[PDB]
């Protein structure tokens, strides 16, 4: 039996569950009635994460921990924000903001040659940087930053997902891969691969490279090549994110500052 929290508790009769959206815990589309108490007759489209039918006691503990983490972090434009929850007299439902256009990898893959400009791709990169600047300032390490874990809203807002949970190897920094040392600097390495994903329109990184070979290539100092539709300045930003010593990588503050200047100058 879970403790009630009046700040976040939505009644179950205010939540109409819809189609399944995604299958590490089950997610469904839903409609919430009267979230903003200013307008109690308004319907809001929401994503509702829950446990699977064959879920353990440890899975419940993780999903509770995930909910409590999201309360502490607070609201930002470029993250999947908590909107409410159903904890009492039924299954745990963690209600969050709905992102109608899916994850960023599929969004880009679908829109390969409506078309997206150069300015749209750098804007997309800036919003992911701005959202990670926030999560870093709230002391939250992602551990798994990628285009699959960025969602896209109806109004083209990039929202970071699956942040701070208690193949992925191609996004991990060497220190994270070898020693399991996850830091804010290892999330920058992962952001570098996320840039490479954006400017390849959802490309698969290190293609035809097995797991055993990828350990050696990074140790020896090999990196991914420049994309075709991509400037030199933006590739230097990728290469700086992929610096071997973690202290020498840029911060998300610097990346936000650099990307803000680039979006302004791009057409």
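Positions refer to the first chain, counted from 1. Rigid core here is just the name for the largest C-alpha set that superposes within 1.5 Å across the two forms.
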Find the stretch among 49-57 and 222-230 with the larger RMS C-alpha deviation in 7 other deposited structures of this protein, all structures being superposed on the shown form by the rigid core. 49-57
Quick one: with the core lined up, is it 82-90 or 123-131 that wanders further in 7 other deposited structures of this protein, going by C-alpha RMS? 82-90
Other compared entries missing residue 25, a third or more: yes
Could you tell me how many residues of the deposited sequence sit unmodelled between residue 166 and residue 167 (none, 1 to 3, 4 to 9, 10 or more)? 10 or more
If the chain runs straight from residue 90 to residue 91, say none; otherwise bin the unmodelled deposited residues as 1 to 3, 4 to 9, or 10 or more. none
Output the stretch having the higher mean C-alpha B factor in the entry; the candidates are 33-41 and 196-204. 33-41
Of 116-124 and 142-150, the one with larger mean CA B-factor: 116-124
Listed options 28, 238, 69, 55: highest C-alpha B factor recorded at 55
So if I compare the CA B-factors in the entry for 173, 158, 110, 73, which one is the largest? 110
Which third, lowest, middle or highest, does the CA B-factor of residue 180 fall in along this chain? highest
So where's residue 11 on the chain's Cα temperature factor ranking, which third? middle
Residue 17 - Cα temperature factor, lowest/middle/highest third of chain: middle
Sorting the chain's modelled residues by C-alpha B-factor, tell me whether residue 48 ends up in the lowest, middle or highest third. lowest
